[PDB]
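# Inside the fold
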Amino acid sequence: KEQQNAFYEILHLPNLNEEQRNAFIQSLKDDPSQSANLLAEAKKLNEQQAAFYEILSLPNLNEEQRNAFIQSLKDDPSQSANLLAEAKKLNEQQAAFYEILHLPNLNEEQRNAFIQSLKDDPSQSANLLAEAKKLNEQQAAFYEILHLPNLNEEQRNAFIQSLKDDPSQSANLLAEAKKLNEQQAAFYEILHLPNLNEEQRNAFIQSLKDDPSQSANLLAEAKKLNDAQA
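Residues numbered from 1 in each chain as written, not as in the entry; some residues may be left out. Heavy atoms only, no water.

Structure determination for the deposited model, as stated in its record, used X-ray crystallography, and the stated resolution is 3.1 Å.

### Remarks on the overall build of the protein
Secondary structure assignment for the protein yields 11 helices and zero strands. Overall, the protein shows an N-to-C arrangement of helices and strands of α-α-α-α-α-α-α-α-α-α-α. Its C-alpha atoms give the protein a radius of gyration of 34 Å, clearly above 17 Å, the size a compact globule of 230 residues would have. For the protein, the spread of C-alpha atoms along the three principal axes comes to 105 × 40 × 30 Å. Among the 230 residues that make up the protein, the fraction classed as buried is 33%. Partitioning the intrachain contacts of the protein with sequence separation of at least 6 by distance along the chain shows that 54% fall at a separation of at least 24. (Helix = DSSP H or I, 4+ residues; strand = E, 2+ residues; numbered from the N terminus. Rg over C-alpha atoms; globule rule 2.2 N^0.38 Å. Buried < 20%, exposed > 50% of the residue type's maximum accessible area, 1.4 Å probe, protein only. Contact = heavy atoms within 4.5 Å.)

### A few points about the packing of helix α5 (residues 80-101) against helix α7 (residues 125-145)
The contact between α5 and α7 brings their axes to 10 Å, and the two run at 20°. Here α5 is positioned roughly parallel relative to α7, judged by the angle of their axes. In this structure, α5 meets α7 at a crossing whose hand is left-handed. Facing α5, whose interface residues are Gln-93, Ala-96, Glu-99 and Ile-100, α7 presents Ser-125, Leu-128, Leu-129 and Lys-133. (Axes fitted to C-alpha atoms, helices over the stretch in contact; angles between N-to-C directions. Parallel < 35°, antiparallel > 145°, perpendicular 65-115°, else oblique. Left-handed = near helix turned anticlockwise from the far one by under 90°.)

### Some thoughts on the environment of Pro-77
Its location among the elements puts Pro-77 in the loop between α4 (63-74) and α5. Counting along the chain gives 26 residues from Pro-77 to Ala-51, while the straight-line C-alpha distance between them is 10.0 Å.

### A short note on the pattern of salt bridges
Under the definition given, this model contains three salt bridges. Residues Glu-153 and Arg-156 are paired through a salt bridge, measuring 2.3 Å at the closest nitrogen-oxygen approach. Placement of the pair is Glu-153 and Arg-156 together in helix α8 (residues 153-165), with a separation of three residues, close to one helical turn. The exposure class assigned to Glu-153 is partly exposed, which follows from its relative accessible area of 47%. By relative accessible area, which is 15% here, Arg-156 ends up buried. Put simply, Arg-201 and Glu-198 hold a salt bridge, and the shortest N to O gap is 3.5 Å. A residue pair is termed a helical-turn pair when its members lie 3 or 4 positions apart in one helix, as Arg-201 and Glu-198 do in helix α10 (residues 198-210) at three residues. What makes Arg-201 buried here is its relative accessible area of 14%. (Salt bridge = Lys/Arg side-chain N within 4 Å of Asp/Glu carboxyl O.)

### Topic: the packing of helix α1 (residues 2-11) against helix α3 (residues 35-55)
Contact geometry for α1 and α3: axes closest at 10 Å, N-to-C directions at 15°. Between α1 and α3, the angle falls in the class roughly parallel. In this structure, the crossing between α1 and α3 has a hand that is left-handed. Counting all contacts with α1, which are made through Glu-2, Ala-6, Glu-9 and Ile-10, the residues of α3 involved are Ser-35, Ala-36, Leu-38, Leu-39 and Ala-42. For the contact of α1 with α3, the class distribution of residues is six nonpolar, one polar and two charged. (Nonpolar A, V, L, I, M, F, W, Y, C, P; charged D, E, K, R; others polar.)

Written as structure tokens, this is what we have:
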């Protein structure tokens, strides 16, 4: 019975070529008593060559690392499991590494120390990248509201205080600030428009100080009137 099982299993080993497969099958033709051996040996070139494929397809390793794993596996065929996992671990460490090293809103202290905590404990890469990205978002937002040109410093340090207290609302505190910014912006450019009479200007100040939701629209209207009354 074992000749049939080993026969089928060798004929359906997915990671061998026809040369290897038919060589093994010819060996089974010579001495069927070597059945449990051949199958074993046979499949131990399977999960070897399969391994050669996977380490060949990990993109965050270099050639030296890859073919170094290939070599270290051709010398120790039975460790293909371990050497693979290790390899598939290293892929993370490097992938995280450069992703941490290419965040444009971190200074050199935060770089060298995130990266140093990566070299020290790679098992936490998944988290060290995460909070890095978070930080790279947060700090970025801090740099945007810090350079919005139409806010008095009370408004700036108010928003900054709010996001410092709660970084989970970052994208909502930024989009708020900009909003106010744009609104106030329009205000300025309405009062510095030369060809309007003070009736339309007072009415615009009132309606704007009521519904900023159409601020942009209002501004546009004003400008067009400014074009017509030149």
